[PDB]
Structure formats: C-alpha cells, structure tokens
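>>> Experimental structure and sequence below.
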Amino acid sequence: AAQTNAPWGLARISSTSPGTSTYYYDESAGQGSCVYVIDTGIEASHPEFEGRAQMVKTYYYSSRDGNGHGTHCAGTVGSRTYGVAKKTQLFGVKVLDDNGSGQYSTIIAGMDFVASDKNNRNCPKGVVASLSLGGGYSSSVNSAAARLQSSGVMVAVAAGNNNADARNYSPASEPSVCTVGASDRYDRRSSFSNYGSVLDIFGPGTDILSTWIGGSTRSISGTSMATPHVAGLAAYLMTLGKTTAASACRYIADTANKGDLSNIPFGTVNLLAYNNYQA
Ligand SMILES: [Ca+2]
C-alpha cells in the first residue's frame, strides 16, 4: 500500500533517504495488535480513528483529553491519515491532567493497570504501550516500566527534550524498555532531543502533523512525537510476525537505517526507525 503526500515522518520511516513524500506499508497495517497510549487521554470520537480508539482508564474527574497531547500521540500511532499502523486498536489511559502534568504515583498505577488490563482484551498479534512523558530520575518509575515490559508489552518511552543525557530522566533511563530520541526532516538530531547510551533508536520528532482535540489537526515537536512512530512500527511488525513484544526494540534497531543522522554525540546510537517495506 502507498499513502501519497504523507506527513514527512511516515514517509521517512519507509525510505532509506530523506525528502520523500510517500509512505509505503503492508496493507495489514497493524490489524490485530493493540497500543495503549498512556498520556492525557484520547478524543476517541475523532473521525481519524474510525472507531478504533477507546478510553479504558482515567485517574482524574473525566476521561476526556482536554489538552491535545494524547490525541496527537495516538494519531501518530494509528490514525487513518497520520498514523503508522492504520488498523491497530488504540486504548487510552489518562495519567496526565489537562495541563499535561501528573504525579509519579499516578503514572506508576497506569503502567500496572495496562499490565493487567491487556489480559481482558483481544489482541492476538500483541500489545504495545506508548509513553510520551517523563521527568527526573526515579527508581520506582523505572521499575514500573520494567514490570510492564516483563509482563509481555512492548514499552516505548520518550528520551526527553532537555538536550541532555537521558540517564537522568525516567522512565527514559530504564534499560529494558525502548527509549526513543527525535530527528528532523533533514536527518539531524532534533535540537531538543536528549541523547546518551540509553537511547535505543531515533524517530521523526520535529514538526509532526497529527490529530488534535476538537476534531482538528496540528503540527508539534518533541521526543513525545517520535515515540509513537516507534510504538506504531512495533505494532506493525508484530502483526507481520517479524518480531515479538520482548524483542521488538532490538529488531527495530537491527533493521534500522544506520549512520544517516547528523549531530549525534559520540556514544549515542545512529539508528533511525525503518519498516524495510518492499513491494
Ligand atoms: Ca533499551
């Protein structure tokens, strides 16, 4: 399948070179996989989700996304126009308030919830969790992310936007999950992207067009935007049977475009997510 005039990030993950505008992908498109988006919520009624999104848990008064961030991330995972895995099932877990903030105890609870809730869902091709959030180092937050991964969920987390070593942020610094940095359309490390030896992979994160609340769209930047590209790619590859939740991060790194990025500091991987599609 091919999506013409796609957002640059989708085109980038199906090409060996920058500057293309077509997203090439297998028509299976993540069908039978499930992605939990642990964030500010999802506007499930947005037409771009085609009924494939639902809120399953909130830690606040409402389950609605009053911010936009979670809806944007969910759109990059699996919306029709802006998503990597256009047929995956999306589940929203609202651990962040509508200002985008949240206590670590609530974020931990949300991760433990996903590890249990997945046993109630029909996700024959596997389960992914996308965490476009983070703060200062916390061993308890890292442990919660490691638990979620150990339970059989592919966990993808944002490296952070401090132009610093991600070893000082959580859950970015947990080695057993998939820690995602950001690049821009010219194959530079995004100027805000954290770096360091704990990064596993880069994905598109500057000027990413996706869904927004009120049935709208908008373009924003962040490692929060790169993470759902990798989460969606994992769901896509699990549906194709190429990998499992336990090894998807390693498989993505092994099959990545290598050496293409600039402004990568010594000691950080130079690996860009790639779907290796061949018509
Ligand atoms: Ca890792």
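Looks like it came in fine. Numbering: from 1, shown residues only.

>>> From now on I want contacts and neighbour counts done on CA atoms only, so please keep to that.
OK.

>>> just so I have it, where are all the strands in the stretch 101-250 of the chain?
For the stretch 101-250 of the chain, the strands defined by DSSP state E, counting those that start in this stretch cover 126-131, 135-136, 154-158, 169-170, 178-183, 201-204, 208-212, 216-220.

>>> Can you redo the ones you listed as CSV, where the extra columns are distance to residue 256 and mean neighbour count?
Formatted as CSV, the strands of the stretch 101-250 of the chain follow (distance: least, C-alpha to C-alpha, whole Å; neighbours: other C-alpha atoms under 10 Å):
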stretch, distance to residue 256, mean neighbour count
strand 126-131, 19, 27
strand 135-136, 27, 15
strand 154-158, 16, 30
strand 169-170, 24, 24
strand 178-183, 13, 32
strand 201-204, 8, 30
strand 208-212, 20, 25
strand 216-220, 24, 14
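
>>> can you tell me which of these comes nearest to the ion?
Judged by C-alpha to the ion, the one of those that comes nearest to the ion is strand 178-183, at 4.5 Å.

>>> The closest one packs against which elements?
strand 154-158, strand 201-204, helix 223-239 (3 or more C-alpha pairs under 8 Å, 6 or more residues apart in numbering; DSSP states H and E).

>>> out of these, nearest to residue 112?
With C-alpha to C-alpha as the measure, strand 154-158 is the member of those nearest residue 112 (12.4 Å).

>>> who in the chain is up against the ion?
Neighbours of the ion within the chain, by C-alpha under 5 Å from the ion: 175, 176, 177, 178.

>>> okay, the residues you listed in JSON lines with distance to residue 16 next?
Below are these laid out as JSON lines (distance: C-alpha to C-alpha, whole Å):
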{"residue": "175", "distance to residue 16": "27"}
{"residue": "176", "distance to residue 16": "27"}
{"residue": "177", "distance to residue 16": "25"}
{"residue": "178", "distance to residue 16": "22"}
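
>>> Please indicate which of those residues has the highest neighbour count?
Neighbours here mean other C-alpha atoms under 10 Å. Within the residues of the chain next to the ion, the largest count is held by residue 178, at 30 neighbours.

>>> Can you name the residues that contact the residue lying closest to that one once chain neighbours are set aside?
For residue 178, ignoring the flanking residues on the chain, the nearest one in space by C-alpha to C-alpha, 6 or more residues apart in numbering is residue 156 at 4.7 Å. Contacts of residue 156 were listed using C-alpha atoms under 8 Å, 6 or more residues apart in numbering, and they are 128, 129, 130, 131, 177, 178, 179, 180, 227, 228, 230, 231.

>>> Of those residues, which is the nearest to residue 197?
Using C-alpha to C-alpha, residue 179 is the member of the contacts of residue 156 that lies nearest residue 197, at 10.1 Å.

>>> gap between residue 153 and residue 130?
Taking C-alpha to C-alpha, to the nearest Å as the measure, residue 153 falls 10 Å from residue 130.

>>> residue boundaries of the helices in this protein?
With DSSP state H as the criterion, the chain has helices at 8-13, 69-78, 104-117, 139-150, 223-239, 248-254.

>>> what sits against the residue of the stretch 1-150 of the chain found nearest the ion?
Residue nearest to the ion within the stretch 1-150 of the chain: residue 146 (10.1 Å; C-alpha to the ion). Going by C-alpha under 8 Å, 6+ apart, residue 146 touches 174, 176, 177.

>>> Please apply the same query to residue 44.
When contacts are counted by C-alpha under 8 Å, 6+ apart, residue 44 touches 51, 52, 53, 54, 55.

>>> Minimum distance to residue 258: which of the helices and strands packed on strand 178-183 has it?
strand 201-204 (10.1 Å).

>>> ok, and what's touching that closest one?
Strand 201-204 has contacts (C-alpha under 8 Å, 6+ apart) with 9, 12-13, 178-185, 225-227, 229-230, 252-253, 269-273.

>>> Format the CA atom coordinates belonging to it as CSV.
C-alpha atoms of strand 201-204 as CSV (Å, rounded to 0.1, in the frame of the first residue of the first chain):
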residue,chain,number,x,y,z
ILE,A,201,16.5,4.3,18.4
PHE,A,202,15.5,7.6,16.8
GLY,A,203,12.3,8.5,15.1
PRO,A,204,10.8,11.6,13.5
